[PDB]
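Overview (structure and organization)
Okay, here's what each chain looks like letter by letter:
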Amino acid sequence: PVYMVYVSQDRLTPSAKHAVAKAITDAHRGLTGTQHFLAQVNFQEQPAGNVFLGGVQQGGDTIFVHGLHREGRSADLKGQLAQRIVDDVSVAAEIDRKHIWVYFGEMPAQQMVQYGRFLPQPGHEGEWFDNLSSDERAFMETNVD
Amino acid sequence: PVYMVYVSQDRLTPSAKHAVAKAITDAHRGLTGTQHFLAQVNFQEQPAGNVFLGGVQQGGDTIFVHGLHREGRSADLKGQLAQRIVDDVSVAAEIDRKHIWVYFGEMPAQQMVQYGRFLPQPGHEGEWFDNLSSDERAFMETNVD
Amino acid sequence: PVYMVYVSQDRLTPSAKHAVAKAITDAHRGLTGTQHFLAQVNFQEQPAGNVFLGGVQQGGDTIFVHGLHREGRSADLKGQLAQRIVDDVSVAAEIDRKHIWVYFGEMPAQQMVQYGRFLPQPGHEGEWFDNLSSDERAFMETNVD
């Protein structure tokens, strides 16, 4: 997956960003089985005041997670995952749940590329990973926290 | 919905940002019935020159609106909504309509979370809201212009 | 199309951004037949360290391309275009392909607006073009490198 995380500048320190990324990644792996190294968290910071709710300019305490996923998972699983991202980001960012928005979009795995390779269908990550070259496998394994 | 609005840095004053957010939110509310406070406009600013059209570097005048919506509305209504966004953002930002791109993407409401809660299906926002806890309604209600 | 290109601040010089934009635009035009001026490349820069893979903070050498397209093309074609974007961005940005992620999302052309006009279905770009006013055609024609 790629989780785009839209937050205000300086609302998350580097250690908070790290904690948030770990919480989202742990949730994704925990509920889908996808290896840690296949989950990206991409923080997009903007000055406070660039978010409007109902036309009302907001302070710096809002977070929008746009998760981009492969098609093929059940609505039940996606609901569980969205709920866990809400719960665990709330803890990691020390932010009330009312300030968290989470949207999941899905695309065919056949039009999703990670580490320069096309993704497998959900659930087939082990066979896919075993089929990768030694260097590729080693390079991915550097991305596990 | 969440409207990601990609603009150049300093192209929009705070007042023009407020105006553009109001134009989009009013258009969404007017055409869908969804309450003002359920519409987020999220400005993403980048330095002028980061936009290319046909490989040609642009100045700071281009606007791309990526609207993220729940599934369930008609193609007829979605066309009316995108046209109104083009028309009203053009006025609010004082930008010629030719500089405006607008893309709508849709997701099942079951995988969309706002204010920490999953959204209802389109058209059921009234009873959804009435059934939220009193502190959640109060928090939401403030985001109205 | 709109290709959102997420990169670290300072990783691409102005010339490298031009080269990457041209490589993506030339890949899209070459494989879909859509004219150059209908392809936007939109660079989104963030400070290095805002990207995490598997919970691990990354340096400045990662690229995520989010291509937003009309529905209607085959999986085979989308695969070739994703692969060519990987290959040609690798060259243009001087970045190993293992650092490149590319996701394609699709929407109905009927809810996609460019230059203030609704897009036609894939393959019908020629006829769509010469039916716009000459002022709209003239404005688009400049956006060709």
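Attention in this report is confined to the structure presented alongside it. (Residues numbered from 1 in each chain as written, not as in the entry; some residues may be left out. Chains lettered and ligands numbered in written order. Heavy atoms only, no water.)

On the basis of which strands lie adjacent, the open sheet formed by 8 strands has the order 4(A)-3(A)-2(B)-1(B)-5(B)-6(B)-7(C)-8(C) and mixed pairing. Looking along the sheet, the strands with just one partner apiece sit at the ends: strand 4 (56-57) of chain A together with strand 8 (117-118) of chain C. Where strand 3 (residues 51-53) of chain A lies against strand 2 (residues 40-46) of chain B, 3 bridges are found, and the strand directions are antiparallel. If you follow A:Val51 over to strand 2 of chain B, its bridge partner there is B:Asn42. Sitting on the sheet, helix 1 (residues 14-32) of chain B touches strand 3 of chain A together with strand 1 (2-8), strand 2 and strand 5 (63-70) of chain B, and the angle it makes with strand 2 of chain B is about 140°. (Pairing = 2+ DSSP bridges. Helix = DSSP H or I, 4+ residues; strand = E, 2+ residues; numbered from the N terminus. Contact = heavy atoms within 4.5 Å. Axes fitted to C-alpha atoms, helices over the stretch in contact; angles between N-to-C directions.)

Chain C puts 29 residues into the contact, and the matching count from chain A is 35 residues. For the pair chain C and chain A, the summed buried surface comes to about 2800 Å²; carbon and sulfur atoms form 57% of the total. Sorting the residues of chain C by area buried against chain A places C:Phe52, C:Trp101 and C:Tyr103 first, and these three jointly supply 24% of that buried surface. Along the contact surface separating chain C from chain A lie 0 salt bridges. Inspection of the region where chain C meets chain A yields 19 residue pairs in polar contact. (Buried area = accessible area lost by both parts, 1.4 Å probe. Salt bridge = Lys/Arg side-chain N within 4 Å of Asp/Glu carboxyl O. Polar contact = N/O pair within 3.5 Å; in protein donor to acceptor, adjacent residues only side chain to side chain.)

This next bit is on the relation of the copies chain C and chain B. The transform that puts chain C on chain B rotates by 120° and translates by 0.0 Å along the axis, for an RMSD of 0.2 Å. Put plainly, the chains are arranged around a three-fold axis. Different-surface contact between copies: only 9% of interface residues of chain C are shared with the interface of chain B. (Least-squares fit on C-alpha atoms.)

Moving on: the environment of A:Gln35. Residue and element names in this part refer to chain A. Mapped onto the fold, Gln35 is located in the loop between helix 1 (14-32) and strand 2 (40-46). Its relative accessible area of 15% is what places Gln35 among the buried residues. Between the C-alpha atoms of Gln35 and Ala23, which are 12 residues apart in sequence, the distance is 14 Å. (Buried < 20%, exposed > 50% of the residue type's maximum accessible area, 1.4 Å probe, protein only.)

This part takes up the relation of the copies chain C and chain A. Turning chain C through 120° and shifting it by 0.0 Å along the axis lays it on chain A, with an RMSD of 0.2 Å. When the interface residues of chain C are mapped onto chain A, a mere 10% of them are again interface residues, pointing to distinct binding faces.

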